[PDB]
């Protein structure tokens, strides 16, 4: 309020409305995210019983210097909303916009980005948090450093080992067991969404637009993609959840070897 100067609206949607801002005391770039109270489905509580959006609990759980996940810096409660103060890299572009501009990504570039999204998702899971909405719109690229950041935990849940029977993330990234049965386990649903995301990077758009396509699980490549990259995508998109790879198996897959460092990725591909 007196602590932040507000700049342009960066976007709005099912997550609420996000503005660019600056922390007045030190000029730190921030993002200022507004979530309407009557739009929040899950609430948690802090160690002290303040009731808050679950999004705030999940953000505090993943909060750290590890730069692959967005950092929550502060939050405020207002009569009808919460306001979240988040990190803002500068210059930044989300991966959906990057793919709009560049089209299908060279595999070396997809490999570096996909590897970093894997390290980020693993960090979420180590911290007890299941994101449930991994997709290009929820990934920011720090263009100077070549570092990716997972954002928007507003569809997320505490990670558990039993079945989830609710879901409010993005349907075209959701797995066939959710479409058919309204049931999924967190990790294998996450790896399916990562299959979708990797196809999106290397082909320039997602493979499935319809329920019928998700449930059939047949994958057609409309761009030239190496056999190793196609094998990994088709493995992540296995119809049976226990036939999907673990994160360890994805990162040990032959297509993932020799990944660029984030700085090298910015030097070779982003400038």
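In this text, the rigid core denotes the largest set of C-alpha atoms whose superposition between the two forms falls within 1.5 Å. Numbering follows the first chain given and starts at 1.
Chemist: Rigid core superposition, C-alpha RMS per stretch in 4 other deposited structures of this protein: which comes out larger, 222-230 or 35-43?
Modeler: Stretch with the larger root mean square C-alpha distance in 4 other deposited structures of this protein: 35-43.
Chemist: Do the Cα atoms of 44-52 or those of 57-65 sit farther, on average, from the shown form in 4 other deposited structures of this protein after fitting on the core?
Modeler: Once the cores are fitted, 44-52 deviates more in 4 other deposited structures of this protein.
Chemist: What stretch has the higher average Cα B-factor here, 191-199 or 137-145?
Modeler: It is 137-145.
Chemist: Looking only at CA atoms, which has the higher mean B factor in the entry: 70-78 or 111-119?
Modeler: Between 70-78 and 111-119, it is 70-78.
Chemist: Based on what the PDB entry reports, which of 34, 51, 244, 224 has the top C-alpha B-factor?
Modeler: Among 34, 51, 244, 224, the PDB entry lists the largest C-alpha B-factor for 51.
Chemist: Could you tell me which third, lowest, middle or highest, the C-alpha B-factor of residue 250 occupies within its chain?
Modeler: For residue 250, whose C-alpha B-factor we compare with every modelled residue in the chain, the answer is the lowest third.
Chemist: Going by the recorded CA B-factors, say which third of the chain residue 56 sits in, lowest, middle or highest.
Modeler: Answer is middle: the recorded C-alpha B-factor places it there.
Chemist: Please place residue 93 in the lowest, middle or highest third of its chain by C-alpha B factor as given in the entry.
Modeler: For residue 93, the deposited C-alpha B-factor lands in the middle third.
Chemist: If you rank every modelled residue in this chain by C-alpha B factor, which third holds residue 162: lowest, middle or highest?
Modeler: Answer is middle: the recorded C-alpha B-factor places it there.
Chemist: Classify residue 43 as lowest, middle or highest third according to the C-alpha B-factor given in the PDB entry, relative to its own chain.
Modeler: Its C-alpha B-factor, which the entry lists for residue 43, ranks in the highest third among residues of this chain.
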